[PDB]
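There is one chain below, alone, in structure tokens, taken in the form deposited in one PDB entry.
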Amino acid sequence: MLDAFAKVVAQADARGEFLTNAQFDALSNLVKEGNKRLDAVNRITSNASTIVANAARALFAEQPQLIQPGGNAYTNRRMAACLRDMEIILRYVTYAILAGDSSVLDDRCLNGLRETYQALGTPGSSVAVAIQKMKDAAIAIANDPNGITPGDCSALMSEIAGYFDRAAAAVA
């Protein structure tokens, strides 16, 4: 996998180039913004069980078909699998947030997932709805102004939304 710094290096290396002042500046800015990124990861991780549970409870309230006998989340084995997938997706999104790059999410989680669900008969559209609900909950938790030194994390929130949106698109 790549983080944000590794990604710039990799691009440089393929050109055979040293970095430019602009590229150094960009990386230095990433470092300058690092405490915010650490806070987002900590907050989301610290709330992971509720983010998942609450999104699952909401999905099944809105999409009762999934928990009727014959539905894809019926039986405890299928419900446990569904809950696990929600935890997995959220785990890999948080890795992407720490890294400042989507590569770990794409490579270790999203690649092949659409095909996995199609072979199983799991409805990827409904997965996308569970991801969106975790996204909204995660962002509200990461961006809560209470109990933190005040500042603007809007760019980071947009980046975090991106990662969730990418997961949703990969399964939908």
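Sequential numbering from 1, following the sequence displayed. Heads up, when I say rigid core I mean the largest set of C-alphas that superpose within 1.5 Å between the two forms.
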Between the two ranges 132-140 and 22-30, the one averaging a larger CA B factor in the entry: 22-30
Is the mean CA B factor in the deposited entry higher across 40-48 or across 114-122? 114-122
With respect to the C-alpha temperature factors reported in the PDB entry, which of 55, 104, 66, 61 ranks highest? 104
Using only modelled residues of the chain, where does the Cα B factor of residue 148 rank: lowest third, middle third or highest third? highest
Using the temperature factors of the C-alpha atoms in this entry, rank residue 14 within its chain: lowest, middle or highest third. middle
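Omitted from view is the form deposited in another entry, to which the following refers.
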With both forms fitted on the core, check whether the Cα of residue 16 differs by 2 Å or more between this form and the one not shown. yes
Rigid core aligned, does the Cα position of residue 25 differ by 2 Å or more between this form and the one not shown? yes
